[PDB]
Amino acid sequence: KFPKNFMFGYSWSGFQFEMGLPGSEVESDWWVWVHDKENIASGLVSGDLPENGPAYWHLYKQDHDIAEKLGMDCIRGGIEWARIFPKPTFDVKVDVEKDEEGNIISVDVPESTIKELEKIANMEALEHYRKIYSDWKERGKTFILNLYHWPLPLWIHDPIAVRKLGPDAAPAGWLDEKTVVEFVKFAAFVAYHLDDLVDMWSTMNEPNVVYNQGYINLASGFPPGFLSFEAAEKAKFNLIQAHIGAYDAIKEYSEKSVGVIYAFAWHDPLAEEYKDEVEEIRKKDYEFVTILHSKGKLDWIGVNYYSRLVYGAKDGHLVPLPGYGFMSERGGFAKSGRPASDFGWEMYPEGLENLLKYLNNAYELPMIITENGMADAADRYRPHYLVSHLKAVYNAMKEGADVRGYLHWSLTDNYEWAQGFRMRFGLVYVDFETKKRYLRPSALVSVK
């Protein structure tokens, strides 16, 4: 048994879910990126398109109904910046204070600025977000809103251009210090308008995945797809600012818990001799969260756990080894003998149990499993994945970890970014031609 107040649910993100029937469609850096001819042709993206997705924007009522009757009481979803401000906000001026080193101290966004923003915002789309959030909230359920889930406005980031001409030649995204301010406006705008429907906030989702995959692991098919550690560091730095600033903006219009949602790989030493060196890596990997903790800008943490990384020696440097964790064979078995998801991600509930105790000891904050699931078209392993991983959470809690819920990823199949639709994470299958929902048997583990 889990505590009386422990929430069960799921999570969705705008890009992967909203689009699917005409009307839905929204220009963003990511959109352009998955439509780019060069990218599709070179195999760097699936060539699947998000406008062929599950169409949640229209079909949210059914999905909610399904989740409800599956006993779910909490959803964590998003709102898409590029959907709310298709047109730039730069001309709506705000007073911004900076120190010597070039840090952000404040960004005043009064009620009047919100009104000036209403003029150029898509209030049509905002109203639709209300309908969607209300549909769930008025059922007497909990909702968590996450402000950023990767796509940016085209007027913020043009990844094609950035890649061909370099960041000085186009809207550079999280490389332009300007982008942080505009995001802050966005945060305040959203707080002001939607707080009545939100129980808890998250400034952003997996920002570590964004800066690392976009500017270092080119193989990932993330934008803008060019190699530079300096770029990565800079993007990381501005994402930290964006969080801090958005935290202050939400607080100025809401009295609720604000946190962040983060990609927590569990790191494991192949051999006992590396144990120390691997803990050093844990620190570096989670540093993003460590930082925000130390500035007092985290009321809670969104844990997103899937698999692990195993480190060993190669030609003298210590690196993450193939055949383990996220680097296992797709639809096969890791070296450990654990099976892997269709994404080639090892099944490793142990990691989550270890992780939660690590994060509780390190931060002593309230946590929610804001993402946990697997790509399994066949529902071959999902049922065990679920039950094993819930057991892992339950164990961590017994040893003192403060965990207030679990949100699976996800209710329905959706658009797994550069991998298209071949990665299906849903407890509910979706026929992307008919947009029809059919539950996988694993969905009934949840009816409990």
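Note that residue numbering begins at 1 and tracks the sequence as displayed.
Problem set entry | 317-325 versus 102-110 - which carries the larger mean C-alpha B factor in the record | If you average the C-alpha B-factors of 317-325 and of 102-110, the larger mean comes out for 102-110.
Problem set entry | Mean Cα B-factor comparison, 300-308 or 227-235, giving the higher one as deposited | The recorded data point to 227-235.
Exercise. Say you rank 74, 281, 292, 246 by Cα B-factor from the PDB entry; which sits at the top?
Worked result: Out of 74, 281, 292, 246, the record gives the largest C-alpha B-factor to 281.
Problem set entry | Maximum C-alpha temperature factor, selected from 384, 61, 408, 35 | Result of the comparison over 384, 61, 408, 35: 61.
Exercise. According to the PDB entry, is the CA B factor of residue 257 in the bottom, middle or top third of its chain, that is, lowest, middle or highest?
Worked result: Residue 257: CA B-factor falls in the middle third of its chain.
Exercise. Considering only modelled residues of the same chain, in which third does the CA B-factor of residue 394 rank: lowest, middle or highest?
Worked result: Answer is highest: the recorded C-alpha B-factor places it there.
For this session: Taking the values exactly as deposited, rank residue 367 by C-alpha B-factor within its chain and report the matching third: lowest, middle or highest.
Result: Middle third.
For this session: Could you tell me which third, lowest, middle or highest, the C-alpha B-factor of residue 439 occupies within its chain?
Result: Highest third, going by the recorded CA B-factors of the chain.
Exercise. By the record's CA B-factor, is residue 333 among the lowest, middle or highest third of residues in the chain?
Worked result: Middle third by C-alpha B-factor.
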